[PDB]
Amino acid sequence: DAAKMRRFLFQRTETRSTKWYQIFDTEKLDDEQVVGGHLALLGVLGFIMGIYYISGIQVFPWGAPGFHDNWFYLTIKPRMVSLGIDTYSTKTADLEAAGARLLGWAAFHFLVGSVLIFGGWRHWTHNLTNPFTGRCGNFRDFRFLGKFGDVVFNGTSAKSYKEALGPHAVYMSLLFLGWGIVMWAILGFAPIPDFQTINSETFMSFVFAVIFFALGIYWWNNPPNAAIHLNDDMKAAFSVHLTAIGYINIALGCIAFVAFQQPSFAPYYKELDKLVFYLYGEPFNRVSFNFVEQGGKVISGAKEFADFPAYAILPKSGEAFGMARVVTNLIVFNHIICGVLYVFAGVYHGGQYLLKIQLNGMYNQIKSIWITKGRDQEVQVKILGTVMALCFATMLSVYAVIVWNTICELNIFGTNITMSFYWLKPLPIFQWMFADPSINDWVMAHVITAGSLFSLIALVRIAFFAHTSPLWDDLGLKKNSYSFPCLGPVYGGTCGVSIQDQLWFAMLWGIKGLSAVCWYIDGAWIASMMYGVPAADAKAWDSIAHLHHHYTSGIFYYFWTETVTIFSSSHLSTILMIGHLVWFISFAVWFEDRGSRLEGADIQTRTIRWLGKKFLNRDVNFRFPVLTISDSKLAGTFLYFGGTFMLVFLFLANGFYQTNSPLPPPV
Amino acid sequence: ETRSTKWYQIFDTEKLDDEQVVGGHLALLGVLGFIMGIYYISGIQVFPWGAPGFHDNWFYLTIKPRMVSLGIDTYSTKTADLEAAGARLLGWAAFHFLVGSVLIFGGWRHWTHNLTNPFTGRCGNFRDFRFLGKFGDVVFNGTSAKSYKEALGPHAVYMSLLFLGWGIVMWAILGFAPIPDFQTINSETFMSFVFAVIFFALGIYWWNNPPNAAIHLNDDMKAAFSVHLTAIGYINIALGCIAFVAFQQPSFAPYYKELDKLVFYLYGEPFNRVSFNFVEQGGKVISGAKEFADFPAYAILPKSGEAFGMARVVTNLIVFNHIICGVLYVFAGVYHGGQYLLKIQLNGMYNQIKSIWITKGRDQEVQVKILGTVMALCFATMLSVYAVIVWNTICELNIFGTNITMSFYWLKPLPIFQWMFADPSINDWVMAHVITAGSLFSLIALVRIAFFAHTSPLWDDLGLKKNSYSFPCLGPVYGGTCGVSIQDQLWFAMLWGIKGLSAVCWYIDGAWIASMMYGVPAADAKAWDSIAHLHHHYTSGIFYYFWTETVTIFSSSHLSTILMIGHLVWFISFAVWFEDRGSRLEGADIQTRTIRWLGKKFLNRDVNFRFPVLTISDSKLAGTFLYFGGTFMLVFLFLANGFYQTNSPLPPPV
Ligand code: BCL
Ligand code: BCL
Ligand code: BCL
Ligand code: BCL
Ligand code: CLA
Ligand code: CLA
Ligand SMILES: CCCCCCCCCCCCCCCC(=O)OC[C@@H](CO[C@H]1O[C@@H](CO)[C@H](O)[C@@H](O)[C@@H]1O)OC(=O)CCCCCCCCCCCCCCC
Ligand SMILES: CCCCCCCCCCCCCCCC(=O)OC[C@@H](CO[C@H]1O[C@@H](CO)[C@H](O)[C@@H](O)[C@@H]1O)OC(=O)CCCCCCCCCCCCCCC
Ligand code: SF4
Ligand SMILES: [Ca+2]
Ligand SMILES: [Ca+2]
């Protein structure tokens, strides 16, 4: 039975094979299918966007009660208020009129989404036939909306990616102009060019439509020759776009933090502090053990509050819970974690293409300064050498400051908070970047600098060591593959050497700076691991450094304070248990025990065969499966990263509890 | 033949003889006496000359109820009766310094085979000796034990002699006559003589007839040392179990329960604080503001023993210590034992051993059936009890339209077992099944070490042998083969053991185990005490344990430093336990070249360092040590933060 048993392990091996999570890969799809897939998802995205609109209705058009508050719509409510579809009004009439508008935009997105899905099926199946005029169209050569195509594109379509830039830019100016008309005609916002009103978003919707159209014609006549090697392969271009989109998303996250709490954005974001929100899963009106409410009601029982019915979600004061910043932290963090994730994948899917060329030898044939200036091994170890040195001199300079501040605050080794770095704060030149600048701001800048250079090491290694490294050229070895776990025990072992594993060590290392953001935007103290504890000098910070605000907690005391509100909620606490349960299970597949599970699975499948035969008359052969290391490090990073930030949501959605009253010394 | 020149294998049984072992054991009991004499000096509350004594330390708290029981230490609140106590502790500390110095001298010469005494000018023989002159001649027919089996009788005799000596010491020096009633310390002298009679009689029966059981254990030092460690660990677990039931018996109240009534000043505890502008002068405080104003500046503040619950904190620190070790020694006994089963399978003495402790598991057929029963029972129990805890958590959080009425509040230990618990409740039914599941879980890693040290039913299928005990894996072949050696199976017993090693910490700190969430301000978390008529209010639930217990940890500037250090140590184990060993080897190469390049350009002289990286087997070693040490550096904080269970339950909030 050895052979049959081996045909199975062979059915689950570390060698190249087809996997369910690689079927929509760029390699097996032509350029007509990428366009078709993007269209079908935007149709689904419109269907999704139309559900975030129906959910926002508080009172239905017929006047009856609607939906309870939910986080999906909350992150978009300040935008629909800004555009006039949604309105913050106590009057039930405004609440009933508003609901009709959201329902109308939801049905509209249902119609347009259905068109994009239809226009995404025919493109995918190359069945792009006009149902009215029997004649079909050509992807390579088409008129592009008839007469409009002839005047601007000389009646021709782009045959190469570098050419598609001009037409794509022209298509963008038709959206910039298209939105500038929707705002003017449907939403009633005329283009007044003053940057304190929503009317400025129509004026710049036309300025941008002019810049892009002019820029889209210059690239039609003069397509850029930069990164020509990308025009040859889809994944090469798709990865540079993803490395670019991630920095774009991080930028969007950073401006939505500065802007959403500007005075001009007060009518939409700060305005929320004066609203009562019934969030789902929040503590409801409790009832007694012997509580039976019959037709007569309130008989032979008792209930909590008595100002609301049994099992009804209780109100929540926006000012107390800090709703404004909670929403501002949920949007800013979303576009930052995603931005970081996009950058990591751009480098991964990019080095995934650098491996394909090194194997085929096209690497030495590239002429772009974007690859040529990076094929020298001496130059690589210099770039990586400086990145590692900078990462070290900055992770040790800022960690020792945080540790020293912690030691001074806890009076360890007879040291008072006076000897700590309370005098160190950002220089005067940078003081404009921060409100009430302090050591909490000097540390955060250096932590992000150290947290970027740390995860950059794993990225420079994907870019430079996809096929070979100075060590494996020394050890005479080839990295044939992007997802190979290790070469075995040899040379003290060589686990985690592929670029997919280096991607994992960028996501795992990126959890620190991805947490220095969560902690810093929630008004937490980052200069000390212990701030505000009932101990020696933790509460002396607000007056030793003269801070205008009072931070919620320090790195360690953050978990205790922020979770007082999590434990009070029956749903925020379910996330705390699920999120922790998912995270530890990563250790089972990330620890070097893949072999043990396999011999264990053998005993599992042997015992089941034994029990089934001794009890029943049938033969139970299930051949218990076990994941491979590369398949383990995959699921391991998804359980680790995916459970780590299932709970970061709880820190941001539990409320914003930074104040404006610095504490006096606990003298 | 895998290398064994590592620094942590220097004192291996292979590198030592029977004479050296005796020397090694003696060279430590002398050190242990030196240690025991420091736990005595530190416990001086007031010096003999009248100068103030030493602030409370945890090393002396776990022995103070014993020295009080023996009369060396007193609980008296008066300095006059507390000034004598100090003199006594000095007497026994100096005494243990003298006896320790003798045992080290009698260990240094034993270790160097130099058994010569200057006064008698004659060198003794290890192979044969009279044993304390005529006494041994009458009992051992003028001869000494020639083997481990023949050493049982003489070794048992020595135990009887030691017991008799302790009894004489209690009667003559400590003044406790042997009265045979089991509510007084005087019964520890009566049974010190009954045991000295049982052992002496038992030590003669084993000298005349040496035991033939486990005959192969005589042949190898590690084979016998491992069976002793599998036995000593179980003994230590039993001592921890017994000390929990006994230390809070009515007869032990004068020593353990009495701690509550005292005021303790532990080092590193909250002290009288001062203002930033504080300028203390000899005579008085000037232009300064100091908190409390009842003690001097920077003076440790008092702590009410009753609020702290020191009688149960000290009981836990001792009970858990002899259990954290008892299970570590059971794991090491199987490890060092399977470490010997690898050698007899490599040099092939296994098929010829007639011992039923090796012959019983000879055939692979039975091995799969034995491991298939440990594995099936662990599944049917770790699931039956986890689904109860999860269901109880769901019912009280009112998730999926359920209430605390639908929970497992009506499930509790059967009437036959109710005597085992002061207050029976689902918290007790779950704990018994969690320990049962937590033992069968880590037993799987132990049955593996015993049966699959060299070859498994899978490796025999894959045509492979496990040549070593500390081989990380066989490469990425067959999808991967990592963590297959018995040293790695030892790690997966220590790592898996952390759950039952935590179900004890939680359950002895008076926490709830029948629900992840107990006592939180949610729908039915606070409705437990009345739905099940609990006579006690458990401190918190499995998850809410971390929030409540840590309110006292954050208030202490030293208990919080442990929290930080303990967490820092633990996550670093991820660096050496993740499959990133190949990545570390490359990275270091860049660091060596980078440092060489920086030194080259920066200084005319070129200096290189060749940065080193640990091996996987050397990684999984430092990994388990960082994971285990980190995980129980902080379990200490749960036990030493106070015992906060109360005997008053909470009514439903409604
Ligand atoms: C998560 C960390 C990495 C990541 C790691 C990986 C890994 C690991 C793999 C891919 C693979 C793929 N990646 Mg990638 N990838 C990320 C971000 C992206 C993004 C993006 C949203 O910006 C896109 C469009 C892509 C695009 C793609 C395709 C080229 C390819 C096959 C997809 C597939 O079949 O999925 C599965 C199809 C489904 C319908 C399942 C649901 C997928 C949803 C739609 C998300 C798509 C992106 C996601 C990471 C795909 C892989 C999921 C696996 C569980 C890892 N990646 C980030 C940066 N990517 C595979 C490949 O061939 O690489 C050369 C591969 O092995
Ligand atoms: C920690 C988990 C395991 C454990 C795992 C290991 C591992 C792993 C190794 C040993 C090894 C040894 N073990 Mg063991 N061992 C444990 C418990 C014990 C106990 C006990 C206190 O009951 C004893 C007496 C021993 C005895 C010994 C020796 C036979 C041998 C060499 C010791 C040495 O040089 O240490 C180092 C000497 C020092 C002076 C350092 C300080 C050591 C102190 C005194 C504690 C001794 C026990 C400790 C586990 C030794 C190893 C420390 C390493 C860092 C792992 N083990 C528990 C059960 N043991 C080695 C061997 O050859 O095994 C075949 C080996 O590779
Ligand atoms: C949102 C709409 C989606 C889309 C969804 C559809 C739909 C819907 C249909 C097609 C179909 C067609 N698609 Mg398409 N497709 C898109 C993008 C493109 C692009 C491109 C790279 O810009 C090209 C060259 C094509 C090519 C083609 C035509 C050759 C084909 C013609 C039959 C027909 O009814 O034609 C009329 C169209 C033409 C003769 C081509 C010239 C006009 C433009 C290019 C048509 C697409 C819509 C236009 C861009 C929308 C407005 C954009 C404004 C900026 C707001 N599509 C746009 C972005 N595609 C047909 C099909 O599959 O039938 C089964 C079809 O009915
Ligand atoms: C607590 C003391 C320690 C110890 C510490 C010492 C010391 C101290 C000395 C020796 C030395 C000797 N050890 Mg030794 N050794 C121990 C255990 C043993 C055992 C054993 C397996 O029981 C044996 C056979 C030996 C063998 C020997 C003698 C042959 C040798 C003789 C020179 C001398 O001065 O002798 C007098 C002793 C004898 C002639 C042997 C017969 C008497 C017993 C066995 C001696 C040991 C002390 C005795 C057991 C203590 C009281 C036990 C009560 C229960 C309290 N030791 C005991 C348990 N060993 C000597 C040495 O190394 O000199 C450089 C020495 O001075
Ligand atoms: C909750 C976590 C968890 C669970 C259920 C298991 C379970 C198991 N492990 Mg693993 N393991 C874990 C964590 C866990 N481990 C971690 C963190 C590590 C790293 C140290 C390891 C390392 C590891 C090794 C090295 C090996 C295993 C092996 C095994 C199996 C042998 C025990 C057995 O037969 O029955 C035990 C009893 C049960 C499984 C009863 C079921 C318990 C519950 C009901 C399971 C369902 C709950 C689950 C979490 C649901 C997920 C919900 C989702 C939202 C996440 C068993 C399937 C061995 C094996 O044979 O591999 C196949 C083996 O060699 N364990
Ligand atoms: C605090 C934890 C910590 C620290 C300091 C490091 C540091 C390092 N890692 Mg590691 N790593 C960690 C956790 C950590 N890692 C974890 C949890 C994992 C698992 C995901 C990994 C996985 C891992 C891989 C896979 C790789 C490394 C690599 C590296 C090195 C490359 C970065 C560099 O050159 O300078 C970074 C900057 C510094 C080191 C500055 C120093 C920072 C402080 C001051 C260090 C001293 C504090 C320390 C905790 C003191 C201990 C006190 C004691 C009580 C515990 C670097 C030495 C790479 C390498 O080259 O290996 C050699 C590599 O391939 N990391
Ligand atoms: C994967 C690894 C990386 C993870 C991803 C990191 C990307 C995020 C990128 C950092 C940006 C964070 C984003 C949120 C924006 C935000 O916060 O902006 C406002 C402002 C403070 O606002 C107020 O915040 C309150 C909260 O407590 C205060 O109380 C108050 O006093 C203060 O005024 O913050 C800064 O000025 C930003 C500091 C960081 C400074 C950046 C320095 C980096 C620049 C140099 C080079 C770095 C890159 C090196 C190469 C890799
Ligand atoms: C590591 C790998 C595996 C883990 C196992 C190793 C550790 C085991 C170390 C024993 C741990 C015990 C700790 C100290 C003993 C102690 O507690 O004894 C008293 C008593 C309750 O006392 C009071 O405790 C209060 C605290 O809340 C309560 O409120 C109150 O109501 C109650 O009366 O406990 C029992 O009766 C013990 C329960 C467990 C029952 C044992 C069942 C196991 C027996 C069957 C087979 C198991 C083995 C299977 C084979 C491997
Ligand atoms: S345990 Fe995994 S990562 Fe480590 S050497 Fe073996 S196969 Fe490679
Ligand atoms: Ca918060
Ligand atoms: Ca406690």
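Residue numbering restarts at 1 for every chain, and letters A, B, ... go by the order of the sequence lines. Just so you know, these numbers use all the heavy atoms, side chains as well, and skip hydrogens, waters and symmetry mates. Every number for a ligand or one of its atoms is a count from 1 in the order of the listing.
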message = Heavy-atom distances under 4.0 Å decide this one: backbone, side chain, both or neither, for B:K499 against ligand 8?
response = neither
Heavy atom of protein inside 4.0 Å of atom 49 (C) of ligand 1, strictly below = no
request  = Name the closest protein heavy atom to atom 25 (C) of ligand 8, giving the residue it belongs to and the distance to 0.1 Å.
outcome  = B:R312 NH2, 3.8 Å
Region of B:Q339 engaging ligand 2 - heavy atom pairs below 4.0 Å = side chain
query = Who's closest to atom 3 (C) of ligand 8 heavy-atom-wise, of B:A432, B:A493, B:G438, B:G500?
reply = B:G438
request  = Using a cut-off of 6.0 Å, state whether more than 12 heavy atoms not belonging to B:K15 lie near its atom NZ.
outcome  = no
request  = Name the closest protein heavy atom to atom 52 (C) of ligand 1, giving the residue it belongs to and the distance to 0.1 Å.
outcome  = A:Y21 CB, 4.2 Å
ask   = Heavy atoms of the protein only: does one fall short of 4.0 Å from atom 48 (C) of ligand 8?
value = no
inquiry  = Does this structure show an ion pair linking A:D631 with A:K19, if we count only N-O contacts that are shorter than 4.0 Å?
reply    = no
ask   = From atom 46 (C) of ligand 1, is the closest protein heavy-atom distance below 4.0 Å?
value = no
message = To check your reading of the model: name the closest protein heavy atom to atom 18 (O) of ligand 8, its residue, and the distance in Å.
response = B:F244 CD2, 3.4 Å
Let me check something: any side-chain donor-acceptor pairs from residues 334-353 of chain A under 3.5 Å, sequence neighbours excluded? List them with distances.
| residue | atom | partner | partner atom | Å |
| --- | --- | --- | --- | --- |
| A:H335 | ND1 | A:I331 | O | 3.3 |
| A:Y348 | OH | A:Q500 | NE2 | 3.1 |
| A:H349 | ND1 | A:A345 | O | 3.0 |

message = Could you tell me if B:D428 and B:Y507 have a donor-acceptor pair between their side chains, going purely by distance under 3.5 Å?
response = yes
inquiry  = Within ligand 1, which atoms have a heavy atom of A:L341 less than 4.0 Å away?
reply    = 58 (C)
query = What pairs with B:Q9 under side-chain hydrogen bond (donor to acceptor under 3.5 Å, both in side chains), at least two apart in sequence or on another chain?
reply = B:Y469
remark   = Among B:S439, B:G497, B:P413, B:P424, the residue with a heavy atom nearest to atom 51 (C) of ligand 8 is B:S439
ask   = Taking the minimum heavy-atom distance to atom 20 (C) of ligand 8, which of B:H536, B:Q645, B:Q418, B:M420 ranks first?
value = B:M420
query = Would A:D233 and A:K356 pass as an ion pair if we require N to O under 4.0 Å?
reply = yes
request  = Would you check, one step at a time, whether the test salt bridge (charged side-chain N to carboxylate O under 4.0 Å, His left out) holds for B:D12 with B:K222?
outcome  = CA-CA 9 Å; B:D12 188 48; B:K222 186 179 280 317; 3.3 Å; yes
ask   = Is the closest N or O pair between B:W7 and ligand 2 shorter than 3.5 Å?
value = no
query = Is it the side chain (CB and beyond), the backbone, both or neither of B:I232 that lies under 4.0 Å from ligand 2, heavy atoms counted?
reply = neither
request  = Enumerate the atoms of ligand 1 whose separation from the nearest heavy atom of A:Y342 is less than 4.0 angstrom.
outcome  = 20 (C), 21 (C), 22 (O)
note = Within the 4.0 Å heavy-atom cut-off, what B:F421 brings close to ligand 8 is both
key: With A:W590, the ring-ring contact (aromatic ring centres under 6.0 Å, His included) member among A:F505, A:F638, A:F641, A:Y640   = A:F505
query = What is the total of protein N/O/S atoms that are closer to atom 14 (Mg) of ligand 2 than 2.8 Å?
reply = 1
query = Are B:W528 and B:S425 close enough that a side-chain donor and a side-chain acceptor fall under 3.5 Å?
reply = no
request  = If you have a sec, work out which protein heavy atom is nearest atom 45 (C) of ligand 8 and how many Å separate them, to one decimal?
outcome  = B:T436 OG1, 4.5 Å
task = For atom 31 (O) of ligand 8, find the nearest protein heavy atom and state the residue, atom name and distance (0.1 Å precision).
result = B:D423 O, 2.9 Å
key: Side-chain H-bond candidate by donor/acceptor type, B:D529 with B:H537, under 3.5 Å   = yes
query = Taking non-hydrogen atoms only, is B:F441 closer than 4.0 angstrom to ligand 8 via side chain, backbone, both or neither?
reply = neither
message = Among B:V327, B:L446, B:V504, which one puts a heavy atom closest to atom 8 (C) of ligand 8?
response = B:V504
inquiry  = As a test of the contact definition, would atom 23 (C) of ligand 1 count as having a protein heavy-atom neighbour under 4.0 Å?
reply    = yes
request  = Could you tell me which atoms of ligand 1, counted from 1 in the order shown, lie closer than 4.0 angstrom to a heavy atom of A:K235?
outcome  = 29 (C), 64 (C)
remark   = Checking heavy-atom distances from atom 10 (C) of ligand 8 to each of B:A422, B:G240, B:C241, B:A503, the winner is B:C241
query = How close does the nearest protein non-hydrogen atom get to atom 65 (C) of ligand 1, and which residue and atom is it?
reply = A:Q22 CG, 3.8 Å
task = Just jot down the ligand 1 atoms closer than 4.0 angstrom to any heavy atom of A:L634, in number order.
result = 8 (C), 55 (C)
ask   = Would you say the ring centroid of B:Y518 lies under 6.0 angstrom from that of B:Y545?
value = no
request  = Identify, for atom 9 (C) of ligand 8, the protein heavy atom at the shortest distance, and state residue, atom and that distance.
outcome  = B:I323 CD1, 3.6 Å
key: B:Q487 neighbourhood, listing ligand 2 atoms whose heavy-atom distance to it stays under 4.0 Å   = 8 (C)
request  = Sequence neighbours left out, what passes side chain to side chain contact (heavy atoms under 4.5 Å, CB included) with B:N467? Give chain and number order.
outcome  = none
ask   = For atom 30 (C) of ligand 8, what is the nearest protein heavy atom, given as residue, atom name and distance?
value = B:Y507 OH, 4.1 Å
request  = Could you tell me whether some N/O pair between B:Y469 and ligand 2 is separated by less than 3.5 angstrom?
outcome  = no
inquiry  = At under 4.0 Å between heavy atoms, is it the side chain or the backbone of A:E27 that contacts ligand 1, or both, or neither?
reply    = neither
ask   = Near A:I23, which atoms of ligand 1 are under 4.0 Å from a heavy atom of that residue?
value = 34 (O)
remark   = Under 4.0 Å from one or more heavy atoms of B:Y538, ligand 8 contributes atoms 29 (O)
ask   = For ligand 2, is there an N or O atom under 3.5 Å from any N or O atom of B:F11?
value = yes
task = Verify the contact flag for atom 7 (C) of ligand 1, where contact means a protein heavy atom under 4.0 Å away.
result = yes
message = Could you identify the single nearest non-hydrogen protein atom to atom 25 (C) of ligand 1 and state the distance to 0.1 Å?
response = A:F238 CZ, 3.4 Å
